[PDB]
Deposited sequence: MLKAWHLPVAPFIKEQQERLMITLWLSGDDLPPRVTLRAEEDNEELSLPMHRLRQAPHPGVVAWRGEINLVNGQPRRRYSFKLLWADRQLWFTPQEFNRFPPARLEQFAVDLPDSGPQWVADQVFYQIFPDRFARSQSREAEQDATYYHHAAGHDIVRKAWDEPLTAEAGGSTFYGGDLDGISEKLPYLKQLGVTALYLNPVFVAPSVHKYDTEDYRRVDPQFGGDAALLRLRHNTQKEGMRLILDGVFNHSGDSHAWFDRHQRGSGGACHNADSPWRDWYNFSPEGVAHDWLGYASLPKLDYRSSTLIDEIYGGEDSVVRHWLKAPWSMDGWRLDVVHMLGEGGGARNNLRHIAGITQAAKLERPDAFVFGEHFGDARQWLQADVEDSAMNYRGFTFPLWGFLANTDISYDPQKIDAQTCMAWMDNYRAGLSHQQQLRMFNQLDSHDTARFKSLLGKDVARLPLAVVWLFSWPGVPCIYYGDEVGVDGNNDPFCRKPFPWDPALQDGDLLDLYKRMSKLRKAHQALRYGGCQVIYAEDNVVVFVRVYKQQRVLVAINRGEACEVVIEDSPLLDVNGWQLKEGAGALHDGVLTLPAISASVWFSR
């Protein structure tokens, strides 16, 4: 017995106020009845399915049902209940289940879809501002109170060292990014995610001192206005790093260093005393034991107003004119809450997202989730997450034998795809398409270094990043082969000298972004894993009549048989990237290779 279904055309079709659902079956003992299990206002529904007269493909029987769209909530969950005379079988995102699937692990489609529909068309690039590029115009040192010393300035070619990593400035700025826009546009980028840029004494600037002013070191307000102009002119989106779980200790609201007289750290009568939590001993709650990062108490209704409740709260401030940013990356989204911990977290993240969409309906809001983000995403409190658990770490394990803790990891293609597909199953198709996928970031070792001796696998990761469902994000310098261990060493200055650039890797990035821009299935399509065993993964992206086939071989050269699949029943295939070869259901795969085919 076999089944096929993806939450996209050709399997689904909106027609008037109905959502038509088609299921494919094949086998010797087909069920005489099939029930479409659907949901309306969380009530489970048993909807009839009828057999279609026309076989969609050789030996494939098609069933169809209808979800009424005039009532219910926009997210349409559904599964298939195969019924025989004596038994039943469920078909789900995770294949067949002998007992009923979890409600939150069904197929799901968002109709009407009110999410940021532009996100799926983007190629993102993440910039750690101090390390990307210096403007042509272009170093003032001051005293970092939270550190024990003045800040340090280094020249662009000075090696990175573990000393005073939070206080070493190489001096990149925002006009530097503006000046490098042609390079990013040649790379395929259509959108930027910036690490923090508001006034703060550290180099990374998660120790926010003023949420209303751009730090002069990066070029101040004028330079961020220019970047917004230039990006708009080039049709590029722009996302800022939003740090609302905690403030910096040098913020006026807290003011550890008594720069004023009404700070919360040293005055019980401070206007913002109840914006922070102080233990019985008086020790302020902070972010995981970093006293420079006092945690904000969202029990206080004035804090709620200042951050997201008010018309000119911080979240909305940068989304309206003249700033008109395209949204927010939410730092430490999972811990924000009341009383010094994550109490009431889901409610407050919902408030932040809601406030953003009030200012800009198409605003993109996604959270930093090193962990399992499903409960946040399943309650629709944010649009998306940095997909470490769903994308990053499965690739770390399958390709680099390591994990979030740099613990050893030995997982084969089966386990990797079971892992990746289990996580997506909790997400609607529209949510899957906007997951923020990257290979590494400013908070991890460089993927290239994590490969160690297996660095030849890096191109496989690059192809996968551009073809797995979700929006891909390049971490600055990845595309020219920057390596490094974790923070501080993952934040090297970008090597603008082409002699220090891997130009073959750079070209790979250019081509994959062209393939993605070219083919709807790489942006909008469903995704079916077709083969997952030992070293080989094969999956197809699916959208209307178009298909995109992707075959990854992490080891020695081999041949693999691909059984006849109705998803692969096409006129022919056109190889677009890689040296793989498909002929008569046999895939010839060179050692350490990834290949992409478009259907003709």
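Not built in the structure, per the record, are deposited positions 1, 140-143.
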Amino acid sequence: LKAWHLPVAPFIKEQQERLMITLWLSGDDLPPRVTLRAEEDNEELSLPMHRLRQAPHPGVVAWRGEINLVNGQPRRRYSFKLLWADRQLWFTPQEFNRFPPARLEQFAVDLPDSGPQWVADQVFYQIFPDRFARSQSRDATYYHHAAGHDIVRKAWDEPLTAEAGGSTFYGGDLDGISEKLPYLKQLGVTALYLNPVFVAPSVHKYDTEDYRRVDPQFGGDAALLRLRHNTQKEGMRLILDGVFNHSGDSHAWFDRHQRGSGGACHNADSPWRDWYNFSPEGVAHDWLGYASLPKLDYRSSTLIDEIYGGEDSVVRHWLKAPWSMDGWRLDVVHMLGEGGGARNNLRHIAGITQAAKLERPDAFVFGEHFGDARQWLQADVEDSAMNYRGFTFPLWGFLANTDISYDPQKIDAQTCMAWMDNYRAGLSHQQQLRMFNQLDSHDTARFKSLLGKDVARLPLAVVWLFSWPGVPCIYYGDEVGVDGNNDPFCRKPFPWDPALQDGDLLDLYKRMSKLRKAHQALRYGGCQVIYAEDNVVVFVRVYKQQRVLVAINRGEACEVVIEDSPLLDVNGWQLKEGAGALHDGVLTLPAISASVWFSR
From here on, numbers count along this sequence of modelled residues.
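Look at the C-alpha B-factors of 545-553 and of 63-71. On average they run higher in 63-71. Of the two stretches examined, 247-255 and 317-325, the record assigns the greater average C-alpha temperature factor to 247-255. The maximum CA B-factor among the listed residues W275, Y406, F398, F366, taken from the PDB record, is found at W275.
Between the residues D380, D139, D483, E105, the entry's highest C-alpha temperature factor is the one at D139.
Among the modelled residues of its chain, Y531 has a C-alpha B-factor that falls in the middle third according to the deposited record.
Placement of the Cα temperature factor of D454 within the chain: middle third of the modelled residues, per the deposited record. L30: CA B factor in the highest third of modelled residues in this chain (values from the PDB entry). Compared with the other modelled residues of the chain, the Cα B-factor recorded for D312 ranks in the highest third. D86 sits in the middle third of its chain by CA B factor, as recorded in the PDB entry.
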